[PDB]
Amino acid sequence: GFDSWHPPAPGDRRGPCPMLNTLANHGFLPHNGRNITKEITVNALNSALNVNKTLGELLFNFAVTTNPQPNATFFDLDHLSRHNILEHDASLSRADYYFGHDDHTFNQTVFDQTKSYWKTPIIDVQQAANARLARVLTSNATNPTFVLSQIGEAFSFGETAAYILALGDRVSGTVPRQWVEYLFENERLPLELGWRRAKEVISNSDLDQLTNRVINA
């Protein structure tokens, strides 16, 4: 829960999502990142972040498509790392698969580029959109195998909306820069800096409206 945290050990699976990695480190998800079921996913997202259980189920249904095992009713966090299923190029904190065949390890050089677009202590929708676009332009210019499919692009917009929605204020569309940086660089919730679990339930409609604002910006 909120009061426990420890880093992954050998055998603990981690993937390309900073938030799922964080929730496993806290034990909201199994700390070993394995055998994650619909019920575990829905309960972890609701307990930790106040994600609507309907949204949590939809996200699980995406996640489970990455498990290579036939007829799987679970996923492990490293299944999410399979290139161009849910994972995609032009991430904010991971390298493109092309360069070193590692699209899952946190990459400080990549993240430093993203952070350079967060110029003020509060991130707004415009700065969030700039950071993501800069990553797309950089991958496009440097990765000869760069692809951002229609679905990958929709995912990319949704991921930027997600850190605003889970950590910040969905009406103003703002979030403290330090909390987002803390999440990515520590894979721990920024509780000591004052972050509180969202008091309003986070539903599909909330994610949709914020995603569309990032697109419009």
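Counting begins at 1, following the sequence as shown.
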*asked:* Using only C-alpha atoms and the B-factors in the entry, which stretch averages higher, 145-153 or 181-189?
replied: 145-153
*Taking only the CA atoms, which stretch has the higher mean B-factor in the record, 106-114 or 68-76?*
68-76
*Sort 81, 93, 120, 138 by C-alpha B-factor from the entry and give me just the highest.*
120
_Third of the chain, ranked by Cα B-factor, where residue 34 sits_ = middle
*Relative to the other modelled residues of the same chain, rank the CA B-factor of residue 196 and answer lowest, middle or highest third.*
highest
*Could you look up the Cα B-factor of residue 41 in the entry and say which third of the chain it sits in: lowest, middle or highest?*
middle
_Could you place residue 9 in the lowest, middle or highest third of its chain by Cα temperature factor, using the values in the record?_
middle
*residue 60's Cα B-factor: lowest, middle or highest third of the chain?*
highest
